[PDB]
Each structure stands twice: as C-alpha cells, then as structure tokens.
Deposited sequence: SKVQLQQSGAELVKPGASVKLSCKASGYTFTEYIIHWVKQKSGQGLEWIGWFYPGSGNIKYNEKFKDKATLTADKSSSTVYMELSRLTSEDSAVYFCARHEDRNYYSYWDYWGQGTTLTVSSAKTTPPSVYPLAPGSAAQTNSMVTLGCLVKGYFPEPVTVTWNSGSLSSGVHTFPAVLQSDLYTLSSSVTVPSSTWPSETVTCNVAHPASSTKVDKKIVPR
C-alpha cells in the first residue's frame, strides 16, 4: 500500500512560522518528486513547489520563494514545508502529492489527506448557543455565535434526530465564528416531545444543551 501521511491541523499567531510534514511509505522514497499544493476554503488549487529526494533538487513557484522552504529527511521518508511570516492569507489546506521522476508518462498518482493551517490573533472563545423557536411539519433551529477556533459539533436529541437536519458552515464575524443549524419535525411531535440542540466546543472544553421552548 502506497501512502502519504501528512501532519495534523495547526493554529498559529500572525508573524510566526510553522513546519508541515509529508511522511511517505509503500515505495522507494528517492524515485518520486513530492509537490506541495495550496487550497483555501474548498476553492481552486495552487502549486507551491517540489522537492526530489533522489538528487536533493528543489523548485519553487516565484510567488512562494520568500514564504515556503522545502527540506527532507531520507532516513524517515519525510518531506517538510516551512511557512514563514504567516498572515490570514496563508490560512488554507496544504496537500502533498508524489510524481515518478524517471517516467515521462508519470502523473500525480497518490495524494496526502491534507493539513489545515489557521492564522489568527484570536483567543479561545466558547460559543453562545441561542434557541430558534417559531403547517403539518414544523422547523426549529439554534444559533452558535462568537466562538474560536473551529470546529464545533451540533447534534439534535444527542443524534436521535439525524434526517431533516441542515447544519451550515461557519463564517467570520470580526475574529470569531458564527454557525447556524436547522431541524424539521412533524407538528404533532413538538412541543409534546422536547427537541434539544447539543453544541460542543473541544478547544474551550464546553458542552451545552438548549431545549427549543415555544
């Protein structure tokens, strides 16, 4: 099995540096180039540079000359990318991908799972959870406002209500995240059978339940 295992997510202050890693296995490390690619918020892809551990040769996109530094450790089958002087512009997912050096008919045949980098001044802030209360089918919801960082877990009746649910992706208000979730239940269910939205924030180690009261 060919596999490229990348390092876990990273939260860093503006101006600091971070070192992403791409650990390879299942093949001869020295026979394949390792390309690095950038993607912000599931957008388009952007090539940063590559490192070929066969010769030690390196190449950068002119854009990332003074941003990225590629290095490798042959004895651990790992290629590193160091990003310097981080801003909010550098907040993105970063993929590594292998490419057979000595074959013209080579393509980028195996990819890493990706590493999420977040660059922000913000302190860890727990969310304010507010219930949203108002036909044969009724819609409830709850607002999760002013938390940092990502992510949060939103469930309904501790997972019981799976279908009829729409948890939306967060946005940035100032330097904090705001998220919303909706659930649809039959009009005879509610309020007789109480509906509760469960919000959990790992970072601030907070868990909160709000009953939707009419």
| message | Missing CA coverage against the deposited sequence, listed in sequence order. | response | 1, 136-141, 222
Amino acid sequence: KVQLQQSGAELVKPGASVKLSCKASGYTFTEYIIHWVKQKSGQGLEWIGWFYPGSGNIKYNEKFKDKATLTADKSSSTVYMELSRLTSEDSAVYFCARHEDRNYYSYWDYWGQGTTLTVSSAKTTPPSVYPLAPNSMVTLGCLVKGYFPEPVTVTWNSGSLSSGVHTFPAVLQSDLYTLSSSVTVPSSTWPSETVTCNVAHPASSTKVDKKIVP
From here on, numbers count along this sequence of modelled residues.
| field | Higher-B stretch (mean Cα B-factor, as the entry records it), 160-168 or 60-68 | value | 160-168
| request: Quick one: say whether 173-181 or 25-33 has the higher mean Cα B-factor in the deposited entry. | output: 173-181
| In the PDB entry, which of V138, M81, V93, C96 has its C-alpha at the highest B-factor? | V138
| field | Out of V12, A9, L20, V195, highest CA B-factor residue | value | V195
| Third of chain Cα B-factors occupied by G44 | middle
| remark: Chain thirds by Cα B factor, record data; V144 belongs to the middle
| said: Considering every modelled residue of the chain and its Cα B-factor in the PDB entry, is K74 in the lowest, middle or highest third? | reply: middle
